[PDB]
Amino acid sequence: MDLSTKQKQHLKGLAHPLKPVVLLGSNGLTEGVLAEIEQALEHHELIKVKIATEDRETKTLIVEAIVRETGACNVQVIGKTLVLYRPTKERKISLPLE
């Protein structure tokens, strides 16, 4: 999911105060962690996923795969924390509309 900068900046601000709800280990993007990311997105829409790897390229590939498989938007990668957003029918999270 691709959102505008405006949209991402808004989401980044709502995210500051959140603590991560999923830790993705150095073993990588397994089906089990993918399923947990799905549940977290369904429950909160905007979440923080801590990614264990220290290797930039690897972190990148993992993030790209999460985006493609889940349809969520990569709001921003901050250090080891990936901020992801995907709406649910309930629309829990706010957003500027374009």
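Note that we place each Cβ from the backbone using ideal geometry, even for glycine, and neighbour counts take in every protein chain shown. Just so it is clear, none of the values below were taken in a lab; they were calculated from the coordinates.
Points worth noting:
- Simple label model, 7 Å out from Cα along Cβ direction - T30 to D55, nm: 1.8
- Using the rule -39500 (n - 2.57) for each DSSP H run of four or more residues, divided by the residues of the chain, the 222 nm mean residue ellipticity is -13000 deg cm²/dmol.
- Computed magnitude of the charge dipole of the chain (debye, nearest 20; Cβ of K, R +1, Cβ of D, E -1): 440
- Region 13-98 shape via C-alpha gyration tensor axes, a/c threshold 1.5: prolate
- Whole-Hz Karplus values for region 58-72 come out as 5, 4, 4, 5, 5, 4, 4, 5, 4, 4, 5, 6, 8, x, 7 Hz, taken residue by residue from phi with 6.51 cos²θ - 1.76 cosθ + 1.60 and θ = phi - 60°; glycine and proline positions read x.
- Out-of-range pairs (alpha-carbon distance over 20 Å; input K8/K80; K12/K80; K59/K92): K59/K92
- Each Cα pair under 8 Å and six or more residues apart adds its sequence gap; the mean of these over the residue count of the chain is a relative contact order of 35 percent.
- Label point at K92 placed 7 Å out along Cα→Cβ; residues across region 1-45 whose backbone nitrogen lies under 17 Å: 11-23, 35-45
- Other-chain or far-sequence residues with amide H under 5 Å of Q76's (modelled H): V83
- In the chain, the DSSP beta bridges split such that about 75 percent are antiparallel, to the nearest 5.
- Estimated vicinal HN-Hα couplings, Hz - region 37-53 in sequence order (Karplus 6.51, -1.76, 1.60; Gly, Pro = x): 4, 4, 4, 5, 4, 5, 7, 10, 6, 10, 9, 10, 10, 8, 10, 5, 4
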